[PDB]
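J.: got the complex split up, this is the first portion:
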Amino acid sequence: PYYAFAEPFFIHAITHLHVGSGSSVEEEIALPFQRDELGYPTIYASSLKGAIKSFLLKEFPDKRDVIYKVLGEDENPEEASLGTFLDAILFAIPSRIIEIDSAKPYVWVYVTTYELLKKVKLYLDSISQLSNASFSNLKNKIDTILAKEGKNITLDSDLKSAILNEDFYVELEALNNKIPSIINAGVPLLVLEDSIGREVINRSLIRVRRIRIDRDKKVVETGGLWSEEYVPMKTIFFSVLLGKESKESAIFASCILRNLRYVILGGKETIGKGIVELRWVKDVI
Amino acid sequence: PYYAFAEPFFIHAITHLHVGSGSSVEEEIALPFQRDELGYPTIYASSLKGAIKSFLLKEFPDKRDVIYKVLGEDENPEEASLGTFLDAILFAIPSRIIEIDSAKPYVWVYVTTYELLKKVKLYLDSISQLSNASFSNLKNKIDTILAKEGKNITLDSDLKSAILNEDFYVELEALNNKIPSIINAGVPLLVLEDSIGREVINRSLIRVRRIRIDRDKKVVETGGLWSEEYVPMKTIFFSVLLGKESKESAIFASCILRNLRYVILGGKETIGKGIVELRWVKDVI
Amino acid sequence: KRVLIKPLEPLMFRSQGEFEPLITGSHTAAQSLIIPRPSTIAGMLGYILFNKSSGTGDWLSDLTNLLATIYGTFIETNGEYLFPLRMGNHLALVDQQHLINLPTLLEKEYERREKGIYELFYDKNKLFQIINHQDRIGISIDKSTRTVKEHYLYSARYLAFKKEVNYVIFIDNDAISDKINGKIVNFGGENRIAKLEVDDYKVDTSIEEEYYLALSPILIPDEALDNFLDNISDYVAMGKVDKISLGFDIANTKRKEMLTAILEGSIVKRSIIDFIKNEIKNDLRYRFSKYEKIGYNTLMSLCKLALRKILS
Amino acid sequence: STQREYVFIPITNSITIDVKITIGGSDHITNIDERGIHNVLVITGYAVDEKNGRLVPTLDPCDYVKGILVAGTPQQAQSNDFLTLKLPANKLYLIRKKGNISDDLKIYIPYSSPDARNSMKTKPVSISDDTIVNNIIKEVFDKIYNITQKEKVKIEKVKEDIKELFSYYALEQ
């Protein structure tokens, strides 16, 4: 029990969210998303923490002392926070689909790869070994998938063929149509192999050329043209909230987290970007 | 002798890692990792031993005396320490790959250099003498690889060419023999030559700009902008825990060492940077 | 006969505010001597051969009762033999090829010898190609606050090696060069490891010569100090003399001693030997024989690799 | 359920007649899959007396022994002196943990007499002189594992590891 409580939770993007490390030179996209160590998108737990914290400080203004104990003081540090965030692993991203043969025809579908599930399994295993919280059913539903690697399987449908992002013909394979769905939605989940999954996912992002127009003469301000990069709606990240034993932590995990559904991650909040529902794994699974 | 037993082990970064050191050389980084002498990341034996001791003093609170004896006391330096870690040597970093002309497609592979392999050799050589369990197979792998020093060699067959970290193109002269997998990751392992391995590795380190936001008006606070450098996930370090026979080092390896496998290293635990897995290379090869 | 000590990792030999040629980026509370003082190698060998027959003693009688005459200490890269060379707060490492013709430099014309000195310590000095001076910061953490434990912040400059480096010392009585071969030891410093590897490499052990090179600090009895520090030109030609503490005895946990010495790497004249011998001739002489026994007073011929103690 | 039989691995041939069950059921804890012997258990604080050397218990932690955990009840003429026991499968000192255990198991141990009449000055014993090993491949590894000399083409692998993986301490008195 290095951590008293351990709370894995999904991060359903309600709008396009843009958590973006302001790029370096070779700005092929001027404002790119936060990239994982293997190229995929991810939410660095620093920004995840500073976004969930600045939120809670408003929502619960009466527990601004519990929060500070678990998420650390900020006005003056005198000891360490008892609550940790893990970096958010991309769990599934939507992809528009064109199904060749299917009983019920779809338009979009969830796409994940095997490296992402391997990372999620690493997280779950380490968390089960650092704390009491065993997540038997989720580990089972993940490593039954991992048993079939190198194949573009499909979880809970009968597709056998599709065109993801209208650019990548894929030949699928049925796991069982008996394994319960990790997500809870009528949309299928595809587990591509990372050869194709990488560029499918890369296509599923959203590059957006934006400008800055002069209010005077309705023409583009000089130099005011750039390109941002959002992750679409319905995309699902995955992180864990961990906590070392205390009594402020018990309140936090038993009161604060139980009323935490919609937070505003990321940047560019003045425009629709950022809103996020976060679902708790042990809650749904 | 006063060094009876050794204990080599790998350090698998489950999450990213940050084992810091004050802003020293700042190639535009404000919180660099711990360099080796050449520029490679490494974990000082000070940090390694301190973090491992701090961890064990909680997951084994009753045995506080055994941990004290084998790893030094806190306020009673009437006796020296009976165990000692060597500086954790970087052994293999991950790297994104776009493999041209290959059969089994890969998105990421491990990457090492002959410098790192020589530094690992030094350890394994200087240890095999006392080590009644001579790792002759592992050391033989490592000194076979080192025969080909000067060529971008791969410990597999089907690469022949690749583009590592989306910037560096390598023609992977294969291995003219067959070598068992150093670890249980089916992922290949490239041993690049130096000065090209310094780039692929230097570019595989997650540098991150971070900020601090005014809690009240979602705007940055002045002077609240710095950068940090993390070691990516799945990175592998190498070290040995030395020891001198004490009849409580016996139990320290009987109960403690074989038991623990996950440890929190480095800083930024609240950002979830430092969960790492310890694999003793005596049960695997 | 000859003992190799390869450091298995960066390692530190604490030094009191002595080295300031290096343009340090940041400060550090303790530097690291480039070559370990012979007290350190002595104690490192004594640690292996320690029993309860020790009893009382000024950390050296008991120490000298364990080993032969250690001779000196110098660097060893692949094949090459690097040797310490100092000109006053300015250290260097050079190979034999440039020791052989120093006397001329030490006595030649003004500007010719300035040229020679310059290109010695800057151009041909292979130090920075071997030794990197990495700094380490250390802290402690109170398990309660889980933050830095206040007032506990130490900064040390370690000695990191860019290539495989050994330390070469010569001893006798291979009756101990058996129980010492292939043994990793906590070579001096905060818990650092180096490997011992003894081979058979015979060298000369006595030579008379105009100029000598001090591979190990030559200790001054301090009864000579007064009548020695006035005529250095008679004895030393180039190097550095200053107080050094012998070390720190593990027996009774105390700083050992202090006395002016000629630091490792220093061109002394043959007028040294007669001075030391014909200055101390009593209990002092026995004390300093105990000293030199553990590799203290050591010279090396500038022409070929040949050593010699002072009082023996 | 299932019941396991642990045998010591000395350099002495006190091993030929100590078991009755080659398989009994269908499984064993220690497996060999083209990579050597794995899931080997090490018994601490117990030693051997090789002339009918059984698990002689000492009180020294550095004293230990290594052995093969296979299923079996020995010869159904013993256990008047054996450590018949049921551990929750994790209190074991398993080496090379490749397979996972079922949280419970019944084990039989060849247990010797204390014999309090002399100093138990143990000595570290290493399994060398591969002749005494090439037969132990036949004396215990072939009288049990039929897969031996059926699938193993890398006999040098199962030959080189035992020398260094297996070692123990003995009174030798």
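T.: Done, it's in. Residues are numbered from 1 along each chain as shown, chains lettered A, B, ... in the order given.
J.: and residue D:41, what does it touch?
T.: With contact set as C-beta atoms under 8 Å, 6 or more residues apart in numbering or on different chains, residue D:41 has these partners: D:6, D:29-30, D:66-67, D:69, D:92-95. In short, each C-beta sits where N, CA and C put it, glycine included.
J.: partner residues bridging it?
T.: Counting by DSSP bridges, residue D:41 forms beta bridges with residue D:67, residue D:94.
J.: would you list every one of the strands in chain A?
T.: A:5-13, A:42-43, A:83-85, A:88-96, A:108-112, A:153-154, A:162-164, A:168-170, A:189-191, A:206-213, A:220-230, A:236-243, A:262-264, A:275-280 (DSSP state E).
J.: could those strands be laid out in CSV, adding mean neighbour count and distance to chain C?
T.: As requested, the strands of chain A are exported to CSV (neighbours: other C-beta atoms under 10 Å in any protein chain shown; distance: least, C-beta to the nearest C-beta, whole Å):
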stretch, mean neighbour count, distance to chain C
strand A:5-13, 22, 17
strand A:42-43, 25, 25
strand A:83-85, 26, 12
strand A:88-96, 23, 25
strand A:108-112, 22, 36
strand A:153-154, 21, 44
strand A:162-164, 21, 47
strand A:168-170, 17, 49
strand A:189-191, 24, 40
strand A:206-213, 12, 41
strand A:220-230, 14, 37
strand A:236-243, 25, 13
strand A:262-264, 17, 26
strand A:275-280, 18, 26
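J.: Chain E follows; place it on the structure:
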Amino acid sequence: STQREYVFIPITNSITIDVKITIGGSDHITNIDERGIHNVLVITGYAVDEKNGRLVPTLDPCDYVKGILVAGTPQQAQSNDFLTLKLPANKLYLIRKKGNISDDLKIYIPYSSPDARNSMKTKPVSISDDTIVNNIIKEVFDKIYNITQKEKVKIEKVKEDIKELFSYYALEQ
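T.: The block that follows adds chain E to the chains above:
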């Protein structure tokens, strides 16, 4: 020579009548010299059996028992279930040693049979409930060691130190 019989120090009242000899010789290893307890023999791989308190040998190197070492013959109703052994005083794992030992000792250990009918899920147990400490002092640190309450006025110290020094693993069955 000298024979000692190790007696564990649990929280339970299985301590009153277990040994026939209090002094026998003229000295004991465990001393209480104005600093606390010394030379505590710690035995791993054994478990506490609080109901009829004896040290069941387990197969876990993490199960250790901590008690004092005294010379004596057991109750003249034993040598049947007491692990009589002779060790050369350097294979003992002693804690907070002060002096040297006689280089060989014949040792007696309260033992119980493995009881192969219930899985040994041993669980750790510490010394708490300070009045338990007090009544055990009145049962061991005054009965076998009359040195307390004779020259001792530092009873709170030998209380607070035993409050941490001694622990064990119990079968919890």
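J.: name the element the residue in the stretch 1-150 of chain C that chain E sits nearest to belongs to?
T.: Nearest residue of the stretch 1-150 of chain C to chain E (C-beta to the nearest C-beta) works out as residue C:52 at 10.5 Å. With secondary structure defined by DSSP states H and E, residue C:52 is part of neither a helix nor a strand.
J.: That one: neighbour count?
T.: Residues within reach of residue C:52, counting by other C-beta atoms under 10 Å in any protein chain shown, total 5.
J.: do the same with residue C:105
T.: 19.
J.: list the contacts for the residue in the stretch 151-285 of chain A positioned nearest to chain D?
T.: Closest contact between the stretch 151-285 of chain A and chain D, by C-beta to the nearest C-beta, is at residue A:179 (21.7 Å). By C-beta under 8 Å, 6+ apart, residue A:179 lies in contact with A:141, A:144-145, A:155-156.
J.: Isn't residue C:204 up against residue C:306?
T.: Yes: Residue C:204 lies in contact with residue C:306 (C-beta atoms under 8 Å); the separation is 3.5 Å.
J.: Got phi/psi on the residue of the stretch 151-285 of chain A closest to chain D?
T.: phi -60, psi 130 (degrees, to the nearest 10).
J.: throw chain F on there as well:
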Amino acid sequence: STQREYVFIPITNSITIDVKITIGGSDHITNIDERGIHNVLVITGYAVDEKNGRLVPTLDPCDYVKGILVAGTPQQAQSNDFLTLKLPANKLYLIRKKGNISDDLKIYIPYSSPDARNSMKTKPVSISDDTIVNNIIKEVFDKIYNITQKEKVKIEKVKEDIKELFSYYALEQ
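T.: Below is chain F, added to the chains above:
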């Protein structure tokens, strides 16, 4: 008896015709074995006459001439102006000593006149323009070290020591 012949190594093409005995016996003292040239002799107080470069006598010790030692007697067209002597294994200063010498050796030196008609104002030589290095590895290290391009594939190393280890003061007169 025993005889070697030191061959000067200037930057000039004065290496083609001064040798006749390419191996002669069996032993070379200098060895290029996977680490570069070794056992290199340096001579102080001498000079060169690069126009048919032969060793000139000087009295400055800072002047050095580095080269290789091979066995034999040169050309049977000398011993009238060549510096002949016998030095038994210790009056030589070698660079990167790898083997040992058996305390018996006569040395032949290509020697020339004291040249008392112009000051020997001398200046070192930096080994540049590896084209001359390409030719000098063949001129001497292939007409005496015939093992070149037979065992040494690492010619990239056997030239860097020629960039770094070898030099000499040139009279330029």
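J.: again for the neighbour count of residue C:52, since chain F is there now?
T.: Residue C:52 - counted by other C-beta under 10 Å - has 5 other residues nearby.
J.: Just want the most central residue of chain D.
T.: residue D:67 (2.3 Å; C-alpha atoms, centre = their mean).
J.: so who does it touch?
T.: For residue D:67, the contacting residues are D:6-9, D:40-43, by C-beta under 8 Å, 6+ apart.
J.: got a markdown table for those, with distance to residue E:82 too?
T.: Output for the contacts of residue D:67, formatted as a markdown table (distance: C-beta to C-beta, whole Å):
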| residue | distance to residue E:82 |
| --- | --- |
| D:6 | 25 |
| D:7 | 28 |
| D:8 | 25 |
| D:9 | 30 |
| D:40 | 33 |
| D:41 | 28 |
| D:42 | 27 |
| D:43 | 22 |
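J.: Okay, strands next: where are they in chain D?
T.: Using DSSP E, strands in chain D cover D:3-8, D:31-32, D:37-38, D:40-44, D:46-47, D:56-57, D:64-71, D:85-87, D:94-95, D:105-108, D:123-126, D:167-170.
J.: name the helices or strands packed onto the first one?
T.: Where contact means 3 or more C-beta pairs under 8 Å, 6 or more residues apart in numbering or on different chains; DSSP states H and E, strand D:3-8 is packed against strand D:40-44, strand D:64-71, strand D:105-108.
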